[PDB]
Amino acid sequence: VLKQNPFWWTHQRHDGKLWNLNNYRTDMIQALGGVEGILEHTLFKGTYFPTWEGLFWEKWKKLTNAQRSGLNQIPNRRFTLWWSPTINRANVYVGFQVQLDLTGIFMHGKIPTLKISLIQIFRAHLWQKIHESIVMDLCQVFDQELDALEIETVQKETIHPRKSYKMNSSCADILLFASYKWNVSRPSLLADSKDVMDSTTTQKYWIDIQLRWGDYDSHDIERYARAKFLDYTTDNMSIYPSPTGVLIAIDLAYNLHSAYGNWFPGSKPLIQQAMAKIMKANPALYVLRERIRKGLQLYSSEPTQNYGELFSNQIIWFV
Amino acid sequence: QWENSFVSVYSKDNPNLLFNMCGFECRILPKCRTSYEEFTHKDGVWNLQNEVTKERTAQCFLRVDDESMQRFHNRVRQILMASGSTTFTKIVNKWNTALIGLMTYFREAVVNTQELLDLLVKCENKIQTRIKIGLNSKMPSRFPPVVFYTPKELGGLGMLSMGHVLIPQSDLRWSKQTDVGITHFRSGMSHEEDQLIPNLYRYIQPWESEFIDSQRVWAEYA
Amino acid sequence: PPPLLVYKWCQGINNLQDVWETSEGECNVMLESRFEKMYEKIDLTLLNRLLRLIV
Amino acid sequence: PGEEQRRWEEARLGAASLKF
Amino acid sequence: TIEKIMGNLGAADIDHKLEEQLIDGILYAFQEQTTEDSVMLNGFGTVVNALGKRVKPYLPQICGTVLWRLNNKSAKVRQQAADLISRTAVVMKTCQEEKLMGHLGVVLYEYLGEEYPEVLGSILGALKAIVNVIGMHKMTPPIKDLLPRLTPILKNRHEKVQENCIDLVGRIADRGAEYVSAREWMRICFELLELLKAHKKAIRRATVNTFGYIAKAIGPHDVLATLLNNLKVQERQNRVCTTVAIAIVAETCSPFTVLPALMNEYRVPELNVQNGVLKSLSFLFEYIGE
Amino acid sequence: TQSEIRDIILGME
Amino acid sequence: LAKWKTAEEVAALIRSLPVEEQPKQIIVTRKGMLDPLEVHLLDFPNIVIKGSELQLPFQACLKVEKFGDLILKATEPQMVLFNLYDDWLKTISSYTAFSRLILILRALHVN
Amino acid sequence: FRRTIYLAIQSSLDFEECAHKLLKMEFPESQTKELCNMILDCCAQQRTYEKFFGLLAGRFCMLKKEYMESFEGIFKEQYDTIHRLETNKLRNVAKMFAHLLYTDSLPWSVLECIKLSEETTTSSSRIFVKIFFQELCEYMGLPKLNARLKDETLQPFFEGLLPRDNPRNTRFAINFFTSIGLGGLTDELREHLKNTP
Amino acid sequence: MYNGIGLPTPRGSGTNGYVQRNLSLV
Amino acid sequence: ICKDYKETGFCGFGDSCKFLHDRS
Ligand SMILES: [Zn+2]
């Protein structure tokens, strides 16, 4: 036979099986960091799959064994896209930084297979469409709760068709017209409570929503929101029609969300609701997550008295 | 032919009996002869035991043969040469099989051959480098270890490793003279932090223990 | 398997009788070689006759 | 007579012997 | 029971909380499904068929369920979720599901890449049963990209996927037909020309019907030329089915357009073709009648 | 029967 | 926002808990109030969240005089812990302690 | 800590490199004793005995006296908890302490913990000492073992092992080592017994 | 101090050639 | 963006088209 057998020296039927490497996989996982340290290097969170116990990667589609075509670039493409938060990080050595075609993705070089996957994922202007769906949903929430919010008017600035993927500046998307006056605090982040809405007052409110695409090196969206807010409000090109507002930061690759700005009464709970439900409900994000999944070819195998299980050594609380 | 042969005498001047069998390079040294200093140390050493007196009477030191290192290296060379029409996972399965077939055959001659350890470092890093070259970059930070060693279930490639061990070093002059010891630790392949990547050698069980194990297991089953 | 051959060889050498003793000037010799081409100088006539003794 | 699992039980005990 | 009951009676008096627990037990039954049965399908179809427009606020719930199922590992549940979409397709819209019916549109355009015929067929079914309710002009995702994606599937040489594909393309060429370009229809004509050799007769009848539908959209001066050249083939059962197709083209686009070419082809000195001409006139006079 | 009294001792049904 | 408060306080509690009292699954009367603590417990994503389909009259604990009075005339929002199995776990089981407990809860509940 | 120790072990190639990897790490010196104890535990859990863990714990003892007294207490602990194992774990820990002894890592005083009376001897401890002394004799050889078993300078500890005062446990212990096949010491002590009355 | 330890050039070796002293030497 | 594919749904190279088959 024209091939080389590296086990020329033994036979499994006759000699038994003289090694077992099943602890190697376990201890490899414990040394890389655990499944958590391992999947923070991946596109796992941008799939929004609830947890990784269901993951399943595609258990010949057809007899062209002969034809020139050759390697089908699909297994390599899937390995490359899956790992893309690490293969495409930010803190690198040499590499000429370039914005992707119609999106807000930065590459630091040329990884053509990765660029092809990422392009095919955000086709048909999906980046701006996501911006539109998010901002529409927020306007609608305000459209409804005008009553409690003291909001006379809500103004959706007909969008500059490239505000979504311009990363160095800001128009503003939401402008809120009060009834009488809002007394407004100093700026703080969407997850902190202590807010004394006393400093100034206005009828004009602006709200910003900005999309990024994080990577392993930098996916903290809190400091993104803080830094972007300070910069964008204290710059001299951003057309903000009021010195009062907030920016909403969305991380598409890790599906995170936060915000930073000057608040007024009712805003904190209001947008907290709006964010925690738009992240879940919006159909744009759904088309995203679905193209991500179909590019990975990931599937979930998951489908869908207790007190015999309840008094166990497992603690379970009754609220 | 005398040039392809090898004859080795043991007398009152040579205490060592060296030979070279199926793939191993062995050297027997009895305790009677010039071992005033004796140790029991790293498993490269079999302890032969006189079966009637049941006392350990000599030690066999093992190494991998030179043509077996060369055969492993040429095998990796043709993994790499015929891999431009294959996927990352096929290249890594061929590497996995080659390396398992070497490590499970030799198994403690590999500990004692300081030339293998370097061979294995360079060969594993050549496989990794060809996978990087497969993408269009070799930057050391686009490809931390986690990308290669993550199992095939979490989407990694699934490499098996023996290149993250430290290579012991000691003072070339006497090292070509008198088996001096180990004072320094050169570094193996480079991991993104401490990171302590596990090792194939620690999960395969040495021969000298498998043979005792087998003796007792079959004796008691009989 | 071959590693067990190496073990049995090392273990058989060591279990010879009075093998490591050098008082009377004994000498052990270990020779190892190769038949250098046996597959290539077989003679099919002689091989026929030598097989006929067996089968 | 029906003992090819004792013609395959000293093959193992013949393979697994170590005397010197 | 419930299915028999509400199917005979109607759902007039079913009040609020009742209908809630009902819709929810419904979702459960359908996920929990562990057999290949029309039981839970028909249950669902009937129950929403009777809820009519009363169901409204649970479309996130209902779909989210169906979609998570559409993600599953085993084919069967995937196929089930495709089915259930094809049932509730109409009410999906009629409650004005912009985000949600848009969802199902684009997400199924995604799954059009499957390779389990059993799921691919059901996906095609669900897409057809969406396009029936939503006429493509107001579609968020347009057949303008669907059908171009479908044409390279017509070459899939398998009875079930071929059946369902030609069904979907026949729907589109019947009613959509104008969100596509003449050139697209011409390529699809050239692909239909070799569905006429499938081993199943449903496929071949569907193929002939769609030649008819494409007959109104594009003048047949070229499709008829490509049919005569097929008459030159041998082996009878694809000659006879091209002769049916000629009859059909002539019936839709009036017979004076095709009669001169048929008659003139009656002069090529070969047997199979003179008999093809005669058999085609047979079918033609049957189809047109008075 | 014991099942129902058990359930109502226990909770809703 | 009261649900949100519930959420953040259980969040802070799990923060405060040592390594052997951290819960494993949490069940609340309010399956409508799962979403708030669902969000708020991401600091501790180890907990299988559920709303109990087995309604427990811990509302009937507002019947007792000690619990009542303490909550009633407290002024500062705070924490207290009670161990209802006063002497029970020594001569009967946690199974039996819970059975005893449920009967008492529903007893103060209904009448 | 145990995670990091197990991983440093399972990443190295020999006991020198693993000891280096541990000492190039740092810790608070408090758990120094528990350091050795842990490697002890690890080889208890092992496939079969490889003197790797022996060698590593022995190098730690070689590095500080803290691990030497740790090992005193550890042999005390395992003689207290010897039945707590299976015979597998029993034999590997037996060859553990046998390594320790013939490595000179554990001091031959330790035998004070071994009173070879039938009533106080676990059959589990019996098997323990049998594997221990099989290894000692077949490793250091019977001449220097019987020689070291002979000299008085450690006979105070050896007294529990070599019974002369009370006769019944002399019968029992001489019978035991005879069964193990240590004829020399056994019948010398039994000749002492014969001369006794 | 390149005291007869290490590589001439850590160049095509797959390593950074970093040397250290055996901490467990005593 | 293999422009033959994108505009006309069909690339003459098939599997070997070194560009991205995409009609979006
Ligand atoms: Zn192309």
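Just so you know, all these numbers are worked out from the coordinates, no wet-lab data involved. So basically every Cβ, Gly included, is an ideal-geometry build from the backbone, and we count neighbours across all protein chains shown.
Within 10 Å of each residue's Cβ, count the other Cβ atoms and sort E:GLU20, G:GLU76 from fewest upward.
Numbers: E:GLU20 13, G:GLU76 4.
With the sparsest Cβ surroundings first, the list reads G:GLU76, E:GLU20.
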Listed residues H:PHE176, C:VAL55, G:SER16: farthest to the positive end of the dipole of the protein assembly as shown (Cβ charges): C:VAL55
Region A:1-151 - Rg (one decimal) and Dmax (whole number), Cα, Å: 24.2, 84
Rg followed by Dmax, in Å, when region E:175-239 is reduced to its Cα trace: 12.2, 37
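Using only C-alpha positions, report the orientation-averaged shadow area of the convex hull of the protein assembly as shown, nm², one decimal.
Details: hull surface 321.1 nm².
Quarter of the Cα hull surface area: 80.3 nm².
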Debye log10 I(q)/I(0) at q = 0.18, 0.19, 0.22 Å⁻¹ for region E:89-150, Cα point scatterers: -0.59, -0.66, -0.87
Spin-label pair A:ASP147/C:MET38, simplified geometry with 7 Å Cα→Cβ offset, distance in nm: 10.2
Angle in degrees between helix G:2-16 and the longest Cα principal axis of chain G, rounded to the nearest 10: 90
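Dipole of chain H, Cα-centred, from +1 at each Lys and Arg C-beta and -1 at each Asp and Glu C-beta, to the nearest 20 debye? Don't jump to the answer; show the numbers that get you there.
Values: 26 positive and 27 negative charges, 82 e Å.
The dipole magnitude comes to about 400 debye.
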Relative exposure of H:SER12, B:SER68, A:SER199, judged by other C-beta atoms within 10 Å (fewest first): A:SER199, B:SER68, H:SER12
Radius of gyration, Dmax [chain G; alpha carbons; angstrom]: 15.7, 44
Protection proxy ranking, peptides A:245-251, A:177-183, average beta carbon neighbours within 10 Å, highest first: A:245-251, A:177-183
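Return the loop-located GluC sites (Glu not before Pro) in region G:25-111 (DSSP other than H, G, I, E, B) with at most 16 other Cβ atoms within 10 Å of their own Cβ; answer none if there are none.
Working: sites: G:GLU38, G:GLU53, G:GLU65; in loops: G:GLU53.
Taking region G:25-111 and a limit of 16 other Cβ atoms within 10 Å, the loop GluC sites (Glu not before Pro) found are G:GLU53.
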Low-density loop positions, chymotrypsin sites (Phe, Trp or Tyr not before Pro), chain C - DSSP coil, at most 16 other Cβ in 10 Å: C:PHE35, C:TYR39
Cα gyration tensor of region H:95-197 - equivalent ellipsoid semi-axes, whole Å, descending: 21, 15, 13
Given charges at Cβ of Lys, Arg, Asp, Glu: the protein assembly as shown dipole, positive-most of E:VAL131, E:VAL119, B:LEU160: E:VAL131
Angle in degrees between helix E:239-252 and the longest Cα principal axis of chain E, rounded to the nearest 10: 80
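What does the convex hull of the alpha-carbon atoms of chain B project to on average, in nm²?
On the way: hull surface 72.4 nm².
Over every viewing direction, the Cα hull of chain B projects on average to 18.1 nm².
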The protein assembly as shown - charge dipole about Cα centre, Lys and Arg +1 at Cβ, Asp and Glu -1, debye rounded to 20: 3600
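Over region H:54-99, what per residue volume does the convex hull of the Cα atoms give, in whole Å³?
Details: hull volume 2.8 nm³, N = 46.
So the per-residue hull volume is 60 Å³.
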Residue-count net charge about B:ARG107 - beta-carbon cut-off 10 Å; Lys, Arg +1, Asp, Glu -1: -4
FRET efficiency for G:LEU72 and B:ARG27, using Cβ-Cβ distance with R0 set to 56 Å, rounded to 0.05: 0.05
Model label zone, A:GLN297; criterion: amide N under 19 Å from point 7 Å along Cα-to-beta-carbon; scope region B:122-140: B:135
Spin-label model distance (nm) - A:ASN72 vs B:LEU172, 7 Å beyond Cα toward Cβ: 5.3
Residues C:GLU26 and C:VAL55, FRET efficiency given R0 of 56 Å [Cβ-Cβ distance, rounded to 0.05]: 0.80
Structure-based [θ]222 nm, the protein assembly as shown - -39500 (n - 2.57) summed over DSSP H runs of at least 4, per residue, nearest 500: -15000 deg cm²/dmol
Helical segments meeting 18 Å axial Cα length and Kyte-Doolittle -0.5 threshold in chain B (DSSP H): B:88-106, B:114-134
Dimensionless Rg over Rh [chain C; C-alpha; Kirkwood]: 1.22
Residues in region G:1-44 that a label on F:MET12 would reach, taking backbone N under 12 Å of a point 7 Å out along Cα→Cβ: G:29-32
Zero-based 5 Å bins, Cα pair distances in region E:145-290, whole percents: 2, 10, 21, 22, 21, 14, 8, 3, 0, 0
Per-residue average of Cβ from other chains inside 10 Å of C:14-27: 5
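Give the dimensionless ratio obtained when the Cα radius of gyration of region H:1-152 is divided by 2.2 N^0.38 Å. Provide the component values of the computation, followed by the final result.
Values: Rg = 15.7 Å, N = 152, 2.2 N^0.38 = 14.8 Å.
The reported ratio for this selection is 1.05.
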Helix E:16-32 axis, angle to chain E major axis (alpha carbon atoms, nearest 10°): 60
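For E:109-115, what's the mean count of beta carbons from other chains sitting within 10 Å of each residue's beta carbon?
Partner-chain Cβ atoms within 10 Å, mean over residues of E:109-115: 2.
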Rg to Rh, two decimals, where chain A supplies the alpha carbon set and Rh follows Kirkwood: 1.09
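Taking a ≥ b ≥ c as the square roots of the Cα gyration tensor eigenvalues, with a/c under 1.5 meaning rounded and otherwise prolate when a/b beats b/c, else oblate, which class fits region A:262-319? Before the final figure, lay out each step's value.
Values: a/c = 3.87, a/b = 1.20, b/c = 3.23.
Oblate.
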Cross-link partners of H:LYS76 among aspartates and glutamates (Cα-Cα below 14 Å; sequence separation of 8 or more within a chain): H:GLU112
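Could you tell me what fraction of 2.2 N^0.38 Å the Cα radius of gyration of region B:95-146 comes to, as a two-decimal ratio? Spell out each step's value before the answer.
Working: Rg = 13.6 Å, N = 52, 2.2 N^0.38 = 9.9 Å.
It is 1.37.
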Spin-label model distance (nm) - B:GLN215 vs J:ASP15, 7 Å beyond Cα toward Cβ: 5.7
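Using packing as a proxy for protection, rank H:188-194, E:185-191 so that the peptide with the highest average count of other Cβ atoms within 10 Å comes first. Let's see the in-between values first.
Details: H:188-194: 13.9, E:185-191: 17.3.
The packing order, highest mean first, is E:185-191, H:188-194.
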When each of A:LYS115/A:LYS166; A:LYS129/E:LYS99; A:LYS3/A:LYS61; A:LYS228/A:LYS268 is checked by Cα-Cα distance, pairs over 21 Å: A:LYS3/A:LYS61
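Among the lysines in chain G, how many pairs, 8 or more places apart or on different chains, have alpha carbons under 20 Å apart? Could you put the intermediate results ahead of the total?
Values: G:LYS3/G:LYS31; G:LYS3/G:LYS50; G:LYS5/G:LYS31; G:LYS5/G:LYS50; G:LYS24/G:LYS50; G:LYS31/G:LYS50; G:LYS63/G:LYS73.
Number of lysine pairs found: 7.
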Sequence ranges B:100-108, H:158-166, ranked by mean other-Cβ count within 10 angstrom, highest first: B:100-108, H:158-166
Proximal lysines relative to B:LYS122, as straight alpha-carbon distance under 21 Å, when same-chain residues fewer than 8 apart are discounted: B:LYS90, B:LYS94, B:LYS132, B:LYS138
Between region A:58-90 and region E:80-108, the Cα center-to-center distance that results, in Å: 32
Sites H:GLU191 and B:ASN16, calculated FRET efficiency, Cβ-Cβ separation with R0 51 Å, nearest 0.05: 0.70
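Once you sort the root eigenvalues of the Cα gyration tensor of chain E as a ≥ b ≥ c, which label holds: rounded (a/c under 1.5), prolate (a/b larger than b/c) or oblate (the other case)?
Values: a/c = 2.48, a/b = 2.40, b/c = 1.03.
Taking the square roots of the gyration eigenvalues as a ≥ b ≥ c, chain E is prolate.
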Peptide B:106-113 - average C-beta neighbours from other chains (10 Å radius): 1
